[PDB]
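Below, read A as the first sequence line, B as the second, and so on, with proteins coming before strands; counting in each chain starts at 1. Every heavy atom of this structure was used, including side-chain atoms; hydrogens, water molecules and symmetry mates were not. Numbering of ligands and ligand atoms starts at 1, following listing order.
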Amino acid sequence: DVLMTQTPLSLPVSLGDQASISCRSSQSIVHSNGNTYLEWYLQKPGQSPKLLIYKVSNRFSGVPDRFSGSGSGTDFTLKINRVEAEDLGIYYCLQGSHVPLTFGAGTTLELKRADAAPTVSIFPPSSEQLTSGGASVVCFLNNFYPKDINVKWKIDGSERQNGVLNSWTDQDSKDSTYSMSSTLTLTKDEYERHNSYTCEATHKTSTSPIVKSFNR
Amino acid sequence: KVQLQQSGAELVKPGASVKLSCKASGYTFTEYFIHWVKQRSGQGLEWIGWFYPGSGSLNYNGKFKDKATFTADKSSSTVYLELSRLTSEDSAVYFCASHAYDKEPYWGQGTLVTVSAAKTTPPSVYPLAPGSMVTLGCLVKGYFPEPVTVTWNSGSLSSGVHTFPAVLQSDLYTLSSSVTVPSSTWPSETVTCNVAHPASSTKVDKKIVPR
Ligand SMILES: CCCCC[C@H](O)/C=C/[C@H]1[C@H](O)CC(=O)[C@@H]1CCCCCCC(=O)O
């Protein structure tokens, strides 16, 4: 299959900036009929992808003229002349010349802001949950930037990997940060046979993790 | 105007099949291609195949050959995608797209498919209290299906709130919501999370009290 390689994976911009996104195909995507079927889409969370550009350089009806596409053969580029807030989201290229049709992995356009370390908070299981025979330990890693982050759980100083579920917010509309929740769920029985619970947040703002813990 | 109307969200039992529909208007039905596209939560787009209802011609992505079946009802300008023997990997949004040969495509709004054996179940709501600002939360666990609506203090507390996307575990959803307030306001003032679940027609409150 034709591989579509999009770069960059992530592009932080300020409103008003110029933006340029690249899409390279692993082989020529000139169709046998002479045309090149290369399309660009923008997708926001919870919405369908919206067509911006088709056949390399043609703007779909209703698309603002700040969007433009160009390219030839295996080398394609989408440009935004002065980014607006509604332009933030994930951009995909799609080749329609060779079956199976294939998409690039996406380029996220996000708002640039100052780097920020996460605010980390740990919570023991509620007495209500324990009465039900369950035990979830919750860690909030809040208002950090950039979005890349790792969380590690420790029980009695030992790394725990099973029973951990994570969830991430979209970029905040007010302060442009990201947040993450991590939940470690045990049986009540197992929870009461250990003492110390720890979640460690590793983010680019520091080589040392942010460590939050509590003791039963 | 070219329009594609996709069928409503589906809750599918594991192992069962489901048939999604895409009803077209605003053009000569038999003269446009229909494509189907899959998108798993937080992932990219994946092409399933194309179908030309005007001839019955089709092509599947080999990755979907044993999973997807395209059919049409010309008499109602409707195309169908049947997905067989569903697994967790089949939980996704499915989009249909239509175009004339060498012309721009028009996309439907997508149909959500969720695979679970669960019946309608209201959430259990648990307080998250700590052991100049303080962060509190509530854990909303074991509900089905989506969505729930979480507020704090009946909506009056909206700044500094993070409600996280739910995750499906053991066929049920779990999510958490955090709120950050000045330490001067809790526990000296009341902070309560409210959780509404339309499918079960329930709404419950949980006051956050210090342990
Ligand atoms: C999600 C996909 C949307 C459609 C993408 C693109 O716009 C479609 C391109 C078509 C083009 O219009 C004609 C063509 O050959 C491309 C591939 C799909 C039709 C294939 C039918 C006949 C054949 O197999 O050559």
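Distance check on atom 6 (C) of ligand 1: some protein heavy atom falls below the 4.0 Å cut-off.
Near B:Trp107, meaning under 4.0 Å from one of its heavy atoms, ligand 1 places the atoms 1 (C). Within ligand 1, the atoms closer than 4.0 Å to a non-hydrogen atom of B:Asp102 are 11 (C), 12 (O), numbered from 1 in the order shown. Of all the atoms in ligand 1, the ones that sit under 4.0 Å from a non-hydrogen atom of A:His31 are 15 (O). Here is the list of ligand 1 atoms found below 4.0 Å of a heavy atom in B:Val37: 1 (C). Per-residue contacts place B:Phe33 under 4.0 angstrom from the following atoms of ligand 1 (heavy atoms of the residue considered): 19 (C), 21 (C).
B:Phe33 and B:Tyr101 have tilted rings, their planes meeting at an angle from 30° to 60° on a 0 to 90° scale. Using bins of under 30°, 30° to 60° and over 60° for the plane-to-plane angle, the ring pair A:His31/A:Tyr37 lands in the perpendicular bin.
Neither the backbone nor the side chain of A:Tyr54 comes within contact range of ligand 1; no heavy atom lies under 4.0 Å. No part of B:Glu104 comes within 4.0 Å of ligand 1, judged by heavy-atom distances.
Looking at atom 10 (C) of ligand 1, its nearest protein heavy atom turns out to be B:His99 CE1, 3.6 Å. Scanning the protein heavy atoms around atom 24 (O) of ligand 1, the nearest turns out to be B:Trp50 CZ2, 3.7 Å. With hydrogens left out, the protein atom closest to atom 17 (C) of ligand 1 is A:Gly96 O, 3.3 Å, a heavy atom. Protein heavy atom in closest approach to atom 3 (C) of ligand 1: B:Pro105 CB, 4.0 Å.
Across all non-hydrogen atoms, the minimal contact from B:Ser124 to B:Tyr126 is CB-OH, 3.5 Å.
In terms of N/O distances under 3.5 Å, ligand 1 is not approached by B:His35. At least one N/O-N/O distance between A:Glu39 and ligand 1 falls below 3.5 Å. Between A:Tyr41 and ligand 1, not a single N/O pair is under 3.5 Å apart.
Taking 4.0 Å as the cut-off between side-chain N and carboxylate O, A:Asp115 and A:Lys204 count as a salt-bridged pair. For the pair A:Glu84 and A:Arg66, the salt-bridge criterion is not met [side-chain N within less than 4.0 Å of a carboxylate O]. The pair A:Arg160-A:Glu190 counts as a salt bridge, with a side-chain nitrogen and a carboxylate oxygen less than 4.0 angstrom apart.
At a cut-off of 3.5 Å, with distance as the only test, no side-chain donor of A:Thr205 or A:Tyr145 sits close to an acceptor on the other residue. There is a side-chain donor-acceptor pair under 3.5 Å between B:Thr202 and B:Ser200.
Partner of B:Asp90 under the salt bridge (charged side-chain N to carboxylate O under 4.0 Å, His left out) criterion, chosen from B:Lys13, B:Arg40, B:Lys67: B:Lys67.
Taking 4.0 Å as the cut-off, B:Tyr52 does not count as a neighbour of ligand 1 on heavy-atom distance.
In this structure, B:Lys38 is not positioned above the aromatic face of B:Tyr94 in the sense of NZ or CZ being under 6.0 Å from the six-membered ring centre and within 45° of the axis.
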